[PDB]
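Here is the structure we will look at.
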Ligand SMILES: O=c1cc(CP(=O)(O)O)c2ccccc2[nH]1
Ligand SMILES: [Zn+2]
Ligand SMILES: [Zn+2]
């Protein structure tokens, strides 16, 4: 199932959906896997999250060229940490239009990230304002509230059973909520549940640091986040 391609791993999740995985040594934590998504929408490709680095992200584009061979129309990145935005320059060098939460673009410089070219804004209920996400095809972008970070966003794939929680969601057997350095501990639990409610028919929950899981990832993450209050 898993395909090793250079130093990255690619796994098909649905007929038009693949998970990309890249690795970075985090001293004190080993070599940490980070996952994003690749979606074919007709004659174009859409990317969710970069890899940790520019070189790794260029390798994602190389894999897309070889395995799909269609242009990458856009990428959306899910918050201003290295695992999700560290390869922005590689997307820009390739001429790909890039999108992030407005707050992610505001935070990017101080986080050592390069901002995306376009800013998403969100209605009061969390759904992306559609004018800020033109041509997103099946990607349904939802801001669930502050959690892993204040800017974390999530993405469902219309026409599939897949929703992507990024670093907000941990797996059903996870022991901790991971890096809380930029987290909103008061609101995390409600934000995790809001993600689940936004994508009620998603049976495959994809996330940053574990293999895809059932919706028990959502209930378990929220139940762990209850303890932070
Ligand atoms: O400061 C950090 C930031 C990250 C990236 P994150 O996953 O929070 O987006 C991290 C990831 C794994 C282990 C430790 C870490 N420390
Ligand atoms: Zn993060
Ligand atoms: Zn993470």
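In the entry's author numbering, the protein residues as written are 42 to 270. Quick reminder that beta carbons are idealized off the backbone N, C-alpha and C, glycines included.
**Request:** Name the residue from 116, 130 and 51 whose alpha carbon lies nearest to the alpha carbon of residue 142.
**Result:** 116
Leaving out the 5 sequence neighbours to the left and right, which residues in its chain are closer than 7 angstroms to residue 163 when beta-carbon positions are compared? 169, 170 and 184
Note to self: My parser needs the beta strand (DSSP E) runs of 3 or more residues fully inside the stretch 162-231; what are they?
What the structure shows: 180-183, 195-198 and 203-205
Alpha-carbon to alpha-carbon, residue 130 and residue 139: 10 angstroms
(request) Give the secondary structure of residue 269 by DSSP, where H, G and I count as helix, E and B as strand, and everything else as coil. (result) coil
- Item | Unbroken beta strand (DSSP E) run spanning residue 61, endpoints | 58-67
Select from 166, 204 and 91 the residue whose C-alpha is nearest the C-alpha of residue 157. 91
- Query: To the nearest angstrom, how far is it from the Cα of residue 197 to the Cα of residue 242?
  - Reply: 10 angstroms
>> Taking the beta carbon of residue 111 as the centre, do at least 16 other beta carbons fall within 10 Å, making it buried, or is it exposed?
In response: exposed
Assign residue 262 to one of three DSSP states: helix, strand, or coil. helix
- Item | Bridge partner(s) assigned by DSSP for residue 49 | 46
Practice item. With hydrogens ignored, establish whether the beta-carbon of residue 76 is closer than 7 angstroms to any heavy atom of ligand 1. Key: no
| At least three beta-carbon pairs within less than 8 angstroms, the stretch 190-209 to the stretch 94-113 | no
Verify whether the separation of the beta carbon atoms of residue 128 and residue 98 is less than 8 angstroms.
yes
Query - Cα-Cα separation, residue 253 to residue 270 - result: 27 angstroms
* To do: Measure the C-alpha to C-alpha separation of residue 167 and residue 186 and round it to an integer number of angstroms.
  => 7 angstroms
task = Would you check whether ligand 2 has a heavy atom nearer than 7 angstroms to the C-beta of residue 226?
result = no
Checklist line | Every unbroken alpha helix (DSSP H) within the stretch 79-145, with a cutoff of 4 residues, ordered by chain | finding: 95-108, 123-126 and 129-134
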